[PDB]
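Input: a single structure, listed below in structure tokens.
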Amino acid sequence: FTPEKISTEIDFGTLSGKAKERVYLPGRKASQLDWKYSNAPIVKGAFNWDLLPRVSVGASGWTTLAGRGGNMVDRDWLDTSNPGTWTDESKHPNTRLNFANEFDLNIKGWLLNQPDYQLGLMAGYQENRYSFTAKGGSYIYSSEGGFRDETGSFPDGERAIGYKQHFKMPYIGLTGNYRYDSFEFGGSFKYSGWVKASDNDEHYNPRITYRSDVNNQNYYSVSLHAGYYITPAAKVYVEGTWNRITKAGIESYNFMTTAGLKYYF
């Protein structure tokens, strides 16, 4: 029992990512709203506790610091004679990721807790939420007996789009850790095939609400960390995480490059 082996690490970083909202006929993609965001400022807090030699509990969380502009494109594969060719396309440059967040309670089973090298089977629950807003834009639509003829822009104030994504994912995985000299390399992998996903597209065109709720979807996350012990009681670290939620349905791909200070308390 080690009740004082606690930890605290506030981190700072960038989240770049993409969200795919697809409309189908119950299953054929007739529409795809591809939302995109790059280098959005985020902050990540975390607590950890090694109360047991081979067992560890922890709690992470990250939030966007403010909104970040992006881009959305709705394409519609209405032509049947030419399936993979898009029939109508809507460009939305005034897209903006309003917010993005995550919380993650986890428990790790240390197969090895040797001071220089640690390896643990991981298990826990994560809940990620994402929110976007678009406003007006360009259109490359196709008339009835034509193709890519109509080519204008929606008068602004007569069009607005709001998309949200909510993923509740219980997961399992593997946390690794190795220490050469004063440097600490390592990495992790997380998997869930029990993801409850939710989407909500509110297209306000003076409102149509399209929402999907898939259950038991998938989640894949690979993390890679590299740190250095400035003091024996503090470690500055950098970390890249690559995430993917899929199966298609409510899809999300994310890349979070973060860096922060872990004051081992």
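In this analysis, Cβ positions are derived from the backbone assuming ideal geometry, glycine residues included, and neighbour counts consider all displayed protein chains. Read-outs: derived from the displayed coordinates by stated rules, not from any lab.
Against the numbered list (1) touching a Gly at 6+ places or on another chain (Cβ under 6 Å); (2) polar (S, T, N, Q); (3) crowded, with 16+ Cβ neighbours inside 10 Å, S252 comes up short only at (1). On the stretch given as segment 213-241, residues that are exposed (fewer than 14 other Cβ atoms within 10 Å of the Cβ) and touching a strand residue (DSSP E or B) at 6+ places or on another chain (Cβ under 6 Å) total 5. With respect to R244, determine if the residue is of a type in the set (K, R), in contact with a strand residue (DSSP E or B) (Cβ under 6 Å, 6 or more places away or on another chain) and in a strand (DSSP E or B). In short, yes.
Step by step: first the residues of segment 145-175, then only those that are closer than 14 Å to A134 by Cα and among the basic types (K, R), then the one that is surrounded by the most Cβ atoms within 10 Å (Cβ to Cβ). Which residue is that? Out of the qualifying residues, it is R159. Against the test of being crowded, with 16+ Cβ neighbours inside 10 Å and assigned to a strand (DSSP E or B), the options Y178, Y125, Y210, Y139 yield a single qualifying residue, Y139. Taking into account only those residues within segment 1-48 that are in a loop (DSSP other than H, G, I, E, B) and of a type in the set (A, V, I, L, M, F, W, C), which is farthest from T258 (Cα to Cα)? Result: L25. Inclusion of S131 among residues that are buried (at least 16 other Cβ atoms within 10 Å of the Cβ) and in a loop (DSSP other than H, G, I, E, B) is not warranted.
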